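Take a look at the structure below.
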Amino acid sequence: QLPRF
Amino acid sequence: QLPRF
Amino acid sequence: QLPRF
Amino acid sequence: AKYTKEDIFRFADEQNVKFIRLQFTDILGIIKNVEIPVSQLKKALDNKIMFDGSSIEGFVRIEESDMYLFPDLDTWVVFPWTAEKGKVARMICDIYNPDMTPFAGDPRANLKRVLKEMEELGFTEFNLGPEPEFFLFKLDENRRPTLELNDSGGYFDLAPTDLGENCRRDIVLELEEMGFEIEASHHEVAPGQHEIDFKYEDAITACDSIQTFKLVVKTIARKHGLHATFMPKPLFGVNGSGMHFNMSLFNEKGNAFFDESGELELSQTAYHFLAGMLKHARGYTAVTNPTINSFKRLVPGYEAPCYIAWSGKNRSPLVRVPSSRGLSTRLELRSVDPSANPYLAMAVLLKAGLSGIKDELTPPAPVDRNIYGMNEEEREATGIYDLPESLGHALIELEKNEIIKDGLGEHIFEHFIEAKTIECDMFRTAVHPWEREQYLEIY
Amino acid sequence: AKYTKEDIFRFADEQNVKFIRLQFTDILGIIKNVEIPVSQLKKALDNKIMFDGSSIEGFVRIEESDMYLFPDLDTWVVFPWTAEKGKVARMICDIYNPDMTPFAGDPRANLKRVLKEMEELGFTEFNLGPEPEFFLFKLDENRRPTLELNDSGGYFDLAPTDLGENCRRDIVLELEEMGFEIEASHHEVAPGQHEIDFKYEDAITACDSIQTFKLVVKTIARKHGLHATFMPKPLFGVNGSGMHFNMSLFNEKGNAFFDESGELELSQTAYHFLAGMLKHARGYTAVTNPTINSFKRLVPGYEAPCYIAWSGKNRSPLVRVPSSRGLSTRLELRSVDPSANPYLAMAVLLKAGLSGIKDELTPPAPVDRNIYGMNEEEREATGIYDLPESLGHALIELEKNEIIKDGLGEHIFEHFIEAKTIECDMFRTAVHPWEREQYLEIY
Ligand SMILES: NC(=O)CC[C@H](N)C(=O)O
Ligand SMILES: NC(=O)CC[C@H](N)C(=O)O
Ligand SMILES: [Mg+2]
Ligand SMILES: [Mg+2]
Ligand SMILES: [Mg+2]
Ligand SMILES: [Mg+2]
């Protein structure tokens with residue numbers, strides 16, 4: 001879902 | 001006027 | 001126009 | 001009148017001072033000053049010193065303008081770190097036009113004008129207590145600040161301890177020696193973050209104390225090989241620095257915000273002030289948070305305010321009402337950061353509160369349901385609104401609001417807008433290492 | 001039909017390939033691939049390979065979804081840098097649902113759907129010629145990119161010269177060997193910036209060639225100890241990198257944009273396409289410029305477009321009409337950057353042009369008076385409008401426009417917005433060294 005953060 | 005720039 | 005300056 | 005001319009001359013003679021720093025504050029909040037020998041002191045007390053007023057405009061100055069340097073006698077302070085070759089003293093000065101009229105572009109004169117308006121409406125004084133927070137960083141070999149904090153402390157923790165160091169203790173001791181009314185001092189949530197609280201004084205005196213406190217803290221931190229910074233958010237993922245303002249309005253009888261027979265023991269004047277403060281918060285957010293780094297602090301999860309709401313007990317409300325009552329009744333605004341100009345912030349806040357009182361606006365109901373629980377859409381249905389997310393949006397909100405413009409004055413408003421737009425343009429076109437780390441290899 | 005299954009088997013047998021990279025492009029534009037041995041090639045040609053389609057969604061993927069890997073026979077290319085232990089070949093593949101239906105979230109399938117709509121309206125093909133520009137940086141000791149450019153060249157200058165190096169010459173030679181139609185190659189305005197031009201092919205073929213060109217250029221630059229980057233603006237104060245698109249629309253007769261009897265030798269179809277492209281430019285600016293760094297390129301003074309206007313000869317227009325006519329009549333869009341996904345950009349541009357043709361919109365008069373001369377207010381009176389200044393504003397414009405949503409599809413639109421809003425938030429809350437060098441000692 002959100003591994004960028 | 002613009003020392004910052 | 002002026003990339004020298 | 002605490003001091004007279006003769007008192008100042010006697011002090012200069014007895015303490016053996018040879019230098020006087022006639023200081024003032026520009027639009028951007030930087031402390032500036034003209035330095036004169038003691039032999040000129042008499043002339044300084046005659047309001048005959050001329051200087052370039054355009055410096056008040058900051059870097060956006062264009063034309064040189066001559067202006068007078070009316071000093072304030074009550075602000076006479078002698079610095080202790082002056083060795084023996086003559087001491088150094090300062091007095092905060094007012095800026096006057098050559099036609100013997102106070103300069104409209106001076107933040108202190110603008111605050112005095114707003115206070116005059118408040119007194120015209122019927123009140124006596126506007127007491128303020130600030131809660132500034134600062135970070136301490138270790139210096140490098142070349143006496144340059146680094147990114148390493150002085151200690152890994154905690155909230156109200158006894159982290160610095162005894163046995164040397166404890167820069168907070170030395171700072172508060174020298175502030176007490178210099179003649180500062182310090183209420184308390186403690187360690188903040190972030191490591192290396194410290195807070196020192198003041199006593200409640202008048203608006204002008206509180207702002208002067210804020211400026212002097214910044215100067216003294218920076219000097220003392222530099223003395224012990226440290227860098228004291230008041231940047232709202234020096235580091236990412238860590239708590240920011242705030243300058244919560246506890247304001248109270250007084251009249252002839254006493255505190256105007258206190259009423260034993262009112263709801264929450266608050267007078268109708270306090271509710272009108274709350275309504276005015278909340279209505280125009282989107283307007284003066286730019287003035288209270290004038291830097292780009294400021295809006296990096298206004299993010300959820302670090303106790304900084306993010307929504308326009310008031311409460312008596314909530315996780316990061318925009319306006320908080322402390323439980324203390326009586327003569328200590330006050331309203332706390334938490335969106336202010338140490339980078340803001342105290343005079344401009346006080347002027348705009350007083351203008352908003354005065355407008356709310358004059359219009360007799362009804363404040364919205366307080367929120368205590370953890371507004372962070374819902375999404376933006378689920379809370380936009382009620383009166384909860386978001387603060388501006390960037391300095392550009394805050395500047396737009398300033399350019400829309402008229403009451404804040406009236407409270408700032410045309411000169412200050414125009415120069416502040418020009419400087420902040422230049423700052424925003426400079427930041428927007430820059431290329432940061434974040435962008436390279438995110439796209440240089442991927443694309 | 002350029003190749004058949006038997007041709008592919010014969011090629012695999014004769015060139016002795018042992019690895020096949022079935023590749024595709026996700027929403028963010030990153031080239032992804034599944035690697036299979038040559039022994040599975042037959043199965044690959046039977047459209048029986050299963051993989052996880054959620055990877056197309058990028059990092060915002062949640063649930064694993066099985067999807068087929070329909071390959072394209074005409075995209076068979078054998079890589080030359082494979083040593084002797086078996087060669088490596090690739091084929092761009094289409095993504096299909098398990099119910100034998102093309103996946104709506106695949107950019108290539110979306111482009112095919114838009115092309116089907118265009119063919120339904122009456123046209124035959126959409127020829128495109130891209131003009132990608134890239135920067136070359138020197139690697140460090142640890143094979144990491146540095147900030148030092150490979151040469152201090154100039155616009156169309158003979159800077160790399162002969163006698164070794166000249167990475168542009170080696171790149172174009174290997175591209176010609178691999179089977180690429182290269183028109184020309186030259187040095188760009190910025191030092192270390194180079195441009196290579198392609199021949200005009202179909203939309204899908206042009207996008208595939210763009211992806212292969214990026215991959216090959218990066219690999220060859222890494223071969224010679226260099227880093228080739230397609231970042232829109234790697235450095236401040238220097239010219240950015242663009243991917244100008246020269247598009248032409250064809251019908252049964254020939255070029256639909258050419259009319260000897262029309263004004264400027266342009267058909268009414270060309271004018272309708274211009275009107276559609278200009279009307280929705282604020283809408284698809286987000287798709288054509290998806291990275292945060294992209295809007296650092298869209299600043300005045302570096303020949304990048306900044307205003308929604310078209311001209312035949314002007315300093316940085318949004319849409320430019322080249323002087324060539326006949327079968328070479330085309331419209332050039334200059335706002336596209338190499339970081340954009342070619343399929344999504346072509347889909348949205350085709351949708352905008354098709355909507356303009358269907359609505360028969362009248363384009364605004366061309367501007368040739370150096371719009372940069374006036375201020376924003378002096379040009380906002382006319383039809384000149386500003387492009388979005390940040391990714392967030394572009395995302396808002398996307399969320400408002402409906403035709404671009406229809407051209408992207410619901411799946412792609414939702415996932416694109418999600419990923420880009422995350423990118424905005426991450427960048428917004430970060431603390432950059434710019435702030436720690438502008439407000440550190442100051443505040
Ligand atoms: N404990 C606290 O209230 C600290 C709040 C935080 N330091 C701020 O600047 O807002
Ligand atoms: N000479 C040119 O037109 C170069 C344009 C510039 N490199 C851009 O990216 O838009
Ligand atoms: Mg605190
Ligand atoms: Mg507080
Ligand atoms: Mg070019
Ligand atoms: Mg071009």
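The chains in the structure tokens are called A, B, ... from first to last as shown; in each chain the residues are counted from 1, and the ligands are counted from 1 in the order shown.
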Mind the document's chain letters and residue numbers, and return as an MDAnalysis selection string the residues of stretch 170-412 of chain D that DSSP labels strand (DSSP E or B).
-> chainID D and resid 182:187 193:198 201 226:229 243:250 255 258 266 307 310:311 319:320 331:333 386
Can you tell me, as a compact mmCIF listing (two decimals) with C-alpha atoms, in the first residue's frame, what residues are no more than 10 Å from residue C:3 when counting only C-alpha atoms, ignoring any on the same chain fewer than 4 positions away?
# COMPACT_ATOMS: atom_id res chain seq x y z
CA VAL E 189 21.90 23.60 -24.41
CA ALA E 190 22.92 22.36 -20.97
CA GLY E 237 19.85 27.17 -12.90
CA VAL E 238 20.47 24.89 -15.89
CA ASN E 239 18.23 23.82 -18.76
CA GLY E 301 13.73 31.49 -18.67
CA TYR E 302 14.74 27.94 -19.62
Output the neighbourhood of ligand 3 as a PyMOL selection string, that is, all protein and nucleic acid residues with some atom at most 8 Å from the ligand, counting only C-alpha atoms and all ligand atoms.
-> chain D and resi 131-133+188+195+242+244
Mind writing the picked residues with N, CA and C atoms as a compact mmCIF listing (two decimals), in the first residue's frame?
# COMPACT_ATOMS: atom_id res chain seq x y z
N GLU D 131 5.61 31.05 25.60
CA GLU D 131 6.25 29.78 25.96
C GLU D 131 7.18 29.36 24.83
N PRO D 132 8.34 30.01 24.71
CA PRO D 132 9.26 29.67 23.62
C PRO D 132 10.03 28.39 23.88
N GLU D 133 10.25 27.62 22.82
CA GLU D 133 11.01 26.39 22.86
C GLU D 133 12.17 26.49 21.89
N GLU D 188 11.78 19.59 26.88
CA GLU D 188 10.62 19.36 26.04
C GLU D 188 10.63 17.92 25.53
N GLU D 195 12.44 24.36 27.09
CA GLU D 195 11.47 25.44 27.18
C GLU D 195 11.71 26.23 28.46
N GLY D 242 7.51 25.52 19.43
CA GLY D 242 6.40 26.45 19.41
C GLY D 242 6.59 27.60 20.37
N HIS D 244 3.73 29.22 22.13
CA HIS D 244 2.36 29.42 22.59
C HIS D 244 2.22 30.74 23.34
Let me have all residues with an atom within 12 Å of ligand 1, counting only C-alpha atoms and all ligand atoms, laid out as number ranges by chain.
-> D: 131-135, 154-156, 186-195, 230-234, 238-245, 294-306, 313-320, 332-339
Residue selection dump (C-alpha atoms) as a compact mmCIF listing (two decimals), in the first residue's frame:
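Heads up, here's the output in out-v9.txt:
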# COMPACT_ATOMS: atom_id res chain seq x y z
CA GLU D 131 6.25 29.78 25.96
CA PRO D 132 9.26 29.67 23.62
CA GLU D 133 11.01 26.39 22.86
CA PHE D 134 14.51 26.06 21.42
CA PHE D 135 16.90 23.37 20.22
CA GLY D 154 12.55 13.57 27.34
CA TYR D 155 9.46 15.49 28.37
CA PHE D 156 10.01 17.00 31.84
CA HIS D 186 12.03 22.29 31.64
CA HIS D 187 13.00 19.73 28.97
CA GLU D 188 10.62 19.36 26.04
CA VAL D 189 9.45 16.20 24.27
CA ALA D 190 12.14 16.24 21.60
CA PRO D 191 15.73 15.39 22.54
CA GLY D 192 17.81 18.52 22.94
CA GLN D 193 14.67 20.68 23.12
CA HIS D 194 14.18 23.01 26.08
CA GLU D 195 11.47 25.44 27.18
CA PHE D 230 14.53 28.71 17.22
CA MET D 231 13.73 27.09 13.83
CA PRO D 232 10.11 25.73 14.00
CA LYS D 233 11.16 22.29 12.68
CA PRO D 234 14.92 21.72 12.44
CA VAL D 238 10.72 14.97 15.72
CA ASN D 239 8.63 17.44 17.69
CA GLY D 240 8.81 21.03 16.52
CA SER D 241 9.33 24.24 18.47
CA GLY D 242 6.40 26.45 19.41
CA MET D 243 5.82 29.83 21.07
CA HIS D 244 2.36 29.42 22.59
CA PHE D 245 0.89 32.79 23.59
CA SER D 294 7.02 26.82 9.86
CA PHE D 295 4.40 24.87 7.92
CA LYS D 296 6.57 21.77 8.22
CA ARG D 297 5.76 21.93 11.94
CA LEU D 298 2.00 22.22 11.33
CA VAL D 299 1.58 18.52 10.57
CA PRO D 300 -0.54 15.95 12.47
CA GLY D 301 0.98 13.71 15.10
CA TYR D 302 3.40 16.15 16.76
CA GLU D 303 0.95 18.08 19.00
CA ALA D 304 1.09 21.11 16.69
CA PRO D 305 -2.33 22.54 15.73
CA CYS D 306 -3.75 21.67 12.33
CA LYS D 313 -8.68 19.68 26.91
CA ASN D 314 -7.87 18.13 23.54
CA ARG D 315 -4.95 16.73 21.51
CA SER D 316 -3.42 19.83 19.85
CA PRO D 317 -6.22 22.42 19.63
CA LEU D 318 -5.68 25.72 17.86
CA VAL D 319 -6.86 27.67 20.92
CA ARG D 320 -6.70 26.24 24.45
CA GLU D 332 -3.70 30.24 24.71
CA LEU D 333 -2.92 30.29 20.99
CA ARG D 334 -0.65 27.41 20.02
CA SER D 335 -0.06 28.06 16.31
CA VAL D 336 2.66 30.67 16.92
CA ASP D 337 6.29 29.62 16.43
CA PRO D 338 9.49 31.26 17.72
CA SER D 339 10.37 32.46 14.20
Nearest to ligand 5 by atom-to-atom distance, counting only C-alpha atoms and all ligand atoms, from E:249, E:365, E:184, E:419 = E:184
